[PDB]
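**Q** Below you'll find the sequence and an experimental structure to go with it.
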Amino acid sequence: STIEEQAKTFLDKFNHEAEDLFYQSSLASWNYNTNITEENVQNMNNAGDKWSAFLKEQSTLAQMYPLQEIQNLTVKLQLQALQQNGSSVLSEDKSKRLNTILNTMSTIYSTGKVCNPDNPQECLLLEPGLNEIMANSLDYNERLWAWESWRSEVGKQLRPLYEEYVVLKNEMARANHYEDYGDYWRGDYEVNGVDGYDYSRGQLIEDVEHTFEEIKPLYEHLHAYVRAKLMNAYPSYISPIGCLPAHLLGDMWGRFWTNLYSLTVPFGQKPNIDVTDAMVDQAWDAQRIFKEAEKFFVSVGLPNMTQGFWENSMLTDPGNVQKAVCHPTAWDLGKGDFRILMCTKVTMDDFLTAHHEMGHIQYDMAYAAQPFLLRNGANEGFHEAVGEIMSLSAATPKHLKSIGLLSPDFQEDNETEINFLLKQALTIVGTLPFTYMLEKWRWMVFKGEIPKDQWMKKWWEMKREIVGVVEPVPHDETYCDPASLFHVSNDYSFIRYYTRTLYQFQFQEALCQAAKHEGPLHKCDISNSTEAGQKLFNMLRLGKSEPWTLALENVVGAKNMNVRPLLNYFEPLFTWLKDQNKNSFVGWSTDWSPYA
Amino acid sequence: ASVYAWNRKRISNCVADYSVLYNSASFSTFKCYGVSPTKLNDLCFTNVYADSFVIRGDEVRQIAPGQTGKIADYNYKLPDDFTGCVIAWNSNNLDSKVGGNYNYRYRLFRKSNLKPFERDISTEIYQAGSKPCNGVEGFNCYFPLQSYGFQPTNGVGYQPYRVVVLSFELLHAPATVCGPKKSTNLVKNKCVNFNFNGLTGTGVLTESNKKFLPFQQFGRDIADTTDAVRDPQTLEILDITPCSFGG
Ligand SMILES: *[C@@H]1O[C@H](CO)[C@@H](O[C@@H]2O[C@H](CO)[C@@H](O)[C@H](O)[C@H]2NC(C)=O)[C@H](O)[C@H]1NC(C)=O
């Protein structure tokens, strides 16, 4: 017989025995995150190598197949996951050095130590405290000192470590037949199959900024408004020609502007939409919130969840020594096992988080029918975008009034609409330029375009044009400032976050059009509209079995990624900012600095 | 026993109550193909064959006439002309084990599809490429039989389902199994009709003093006209008189 039948039989033998091991490993992980105990720890080891002792061995049985002639797209794509060289192509010394440098970089980043000079006996970490201090404060000196100290104890000594990590990852990139690690990172948004849908990895690079130029004027108006509010609060710290520094953004990275929302509130006279006091008055516990959110999911069009989830899955208050880390997670343990992990409480934020996690669960339901190697979405951003869709949709007053969360006689006006829209934009569009520049900097440092010396100064000068940040203190060559970030020390692709917002906005806009809703986009709700849920689930069921370009064809009519929904959402905000900061001129200068 | 070693049972020379099987909530799926389940108690065949085994939850649909699949082709086969019923029910509470009930095994590789009412228990290694598998498993060598990792928490799709397929054969041999009879009570001194042990007729039934020998069932006087019958339950001699008529 032909080799294709042999490959099919190999896959049919592989998936059946892989399902049991994957289920056992995921069950152990879920139990440990639900039962923090010593015994569940070694099990991971007892599973980990074991899983490798299976998977790599199956990978060992996935090279002799000439994976270039299998006509069936699904079988060839499934076998392609098993036909990955990985780090095994590297030498043993190189692999162990990579493991050691990754471990030490992660430990150093996660063990930040900043002691104030007056009391050198007490440092602070990324744990609550200094994080909270810089997240919520009104000052220029303490924030700047904290930023400088963190960049000194995480970026000063990480220059050789980051250099070696980048060069060794890139050596592995060539070892995996890739001239750059950026190609391997962008391979998630890649397909070379069906005609009319094939996407090149290098095309995503230009698509990132081709969808970014349209939000540049709106970002400039938002920057001008924030600068004006800073001048209102901070006296003579930011010149009108210049721009605000990094430490005044509410974080040492300036990732999100939500921390600075209090200073730049549009209208504090009208309170925000919050029914948590009504949630307590209505006596909505974790069970009631979960049931109401599941009912909303069903009314949208997503199927009711299978039995057994309500018992195994932890919901609230681990309590005693039977502890459980409850970071919001949705577990797809395999073999039809879907569970939630969260400290669900009586809170609107917890309400939205529960909606997000059960949206993740519903998407896990969507591609459950796919084989083990295809038990994933078209791209990693689709999962997060889908999880965020209904969480964003449920915040509208219509859904709250449908189940009587807001008052039955609640009336909205333009003031609170503008306030909410600006608050949402301070987190949604206020992070796109930073993610864009960070991803481009990672791409160019992996490509080796910039020499060894020209790393930090180029980053700081380009942040002025892209983000709009000046340097309160200098960092030329003795600092590695982006290295003090979560997704720098664990080899994390950062394009997923950039694509997730655009994907979720496109899906929300498409559902708003095909959901019989009228008015502003921010008030759009998809509750009790089964057609929108069916349209969503049609694309959800695709999973990894279909390309991402083909996946972006059911909900939306355009395969390519576009920016129009982003500007459509913040239309009232754009109109308000057109006439709000008229006196303050738009734009910033990259020559002005706090020091000179 | 496992699906590839399905238990075969032969039932003959007895009376079958299909109503109680129909009136049982313990069976999740009950699909008949010969006749309606209620009518099954009326008609009958000469023998019954039961094929009982345990499978996955998702493989119950495979056990059907004109159906294809791993179980439907490699472990058991049902012909298009199948007469009878199929009764399946979840057994996760019993068959599934906390440590894994790996005893249950199902066939995954075989050169030919199994014939109807045929069993395969071959454990010989299967070859899918060109190189023969000379004993020890190599490149193109995968075991035809795969075990079941049944656990109490496996989702409805994978739960162990017990399936019994009942077929009815009515060969030229005399029938041996039939349904119930549900005889009524007895009345006297009234013009009624009757079907005593399959002997039908009208008239009035009175008490008689005739002495049947211990083996007759009914007696007629002359010209082939039945007069006395023996009730199959009480075993006593009755008397039949035609209902009165005249001008
Ligand atoms: C059919 O079954 C009934 C019930 O067992 C039998 O009726 C019994 O007959 C004996 C004989 O005199 C009595 O002593 C019992 O009291 C009866 N039981 C009852 C009425 O419940 C009947 O004889 C059986 N028919 C046979 C054996 O031909």
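**A** Structure received. Numbering: from 1, shown residues only, chains lettered A, B, ... in the order given.

**Q** The residue positioned nearest the centre of chain B: which element?
**A** Central residue of chain B (Cα atoms, centre = their mean): residue B:166, 3.7 Å from the mean position. Using DSSP states H and E, residue B:166 sits within strand B:161-169.

**Q** ok, now residue A:156?
**A** Following DSSP H and E, one finds residue A:156 outside all helices and strands.

**Q** and the next element down the chain from the strand holding residue B:166?
**A** Next element after strand B:161-169 (DSSP H and E): strand B:177-178.

**Q** So which elements touch that next one?
**A** strand B:14-15 (3 or more Cβ pairs under 8 Å, 6 or more residues apart in numbering or on different chains; DSSP states H and E). The C-beta positions use only the backbone N, C-alpha and C, and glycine is treated the same way.

**Q** I'd like the next helix or strand past the strand it packs on.
**A** helix B:18-22.

**Q** all helices for the stretch 451-596 of chain A, in order.
**A** Along the stretch 451-596 of chain A, counting by DSSP state H, counting those that start in this stretch, helices occupy A:456-466, A:495-513, A:530-540, A:548-551, A:564-569, A:571-580.

**Q** same deal with chain B?
**A** Applying DSSP state H to chain B gives helices spanning B:18-22, B:37-40, B:70, B:155-158.

**Q** how close does the closest residue to residue B:85 other than its chain neighbours sit to residue B:38?
**A** Distances taken as Cβ to Cβ, 6 or more residues apart in numbering or on different chains put residue B:32 closest to residue B:85, at 4.0 Å, once the chain neighbours are dropped. Going from residue B:32 to residue B:38 by Cβ to Cβ, to the nearest Å gives 10 Å.

**Q** same deal with residue B:139?
**A** Applying Cβ to Cβ to residue B:139 and residue B:38 gives a distance of 56 Å.

**Q** These two: which has the busier surroundings?
**A** residue B:139 (15 against 11; other Cβ atoms under 10 Å in any protein chain shown).

**Q** my guess is that one meets residue A:3, correct?
**A** No: with contacts counted by Cβ atoms under 8 Å, residue B:139 stays clear of residue A:3, the gap being 10.3 Å.

**Q** how much space between the residue nearest to residue B:85 and chain A?
**A** Separation of residue B:32 from chain A (Cβ to the nearest Cβ, to the nearest Å): 28 Å.

**Q** Tell me which residues touch that residue, please.
**A** The neighbours of residue B:32, taking Cβ atoms under 8 Å, 6 or more residues apart in numbering or on different chains as the test, are B:40, B:84-86.

**Q** Ok, residue A:422 next?
**A** A:222, A:264, A:266, A:573, A:576.

**Q** Could you point out the helix or strand that follows the helix or strand hosting residue A:419?
**A** Assigned by DSSP H and E, residue A:419 belongs to helix A:414-428. Later in the chain than helix A:414-428, the nearest helix or strand by DSSP H and E is helix A:432-447.

**Q** Spatially nearest residue to whatever residue of chain B ends up closest to chain A (excluding sequence neighbours)?
**A** Nearest residue of chain B to chain A: residue B:155, at 2.2 Å (Cβ to the nearest Cβ). Leaving out its chain neighbours, the residue that sits closest to residue B:155 by Cβ to Cβ, 6+ apart is residue A:336, at 2.2 Å.

**Q** Tell me how many other residues crowd residue A:328.
**A** For residue A:328, using other Cβ under 10 Å, the count is 16.

**Q** Verify the contact between it and residue A:356 for me.
**A** Yes: look at residue A:328 against residue A:356 with Cβ under 8 Å: they come within range, at 6.9 Å.

**Q** What parts of chain B come near chain A?
**A** B:108-109, B:128-130, B:139-140, B:142, B:146, B:149, B:151, B:153-158 (Cβ under 8 Å from any Cβ of the partner chain).

**Q** Could I get the contacting residues of residue A:294?
**A** Per Cβ under 8 Å, 6+ apart, neighbours of residue A:294: A:304-305, A:358.

**Q** Next up, the contacts around the nearest residue to residue A:259 once chain neighbours are set aside.
**A** Excluding the flanking residues, the one nearest residue A:259 by Cβ to Cβ, 6+ apart is residue A:250, at 2.4 Å. Going by Cβ under 8 Å, 6+ apart, residue A:250 touches A:134-136, A:256-260.
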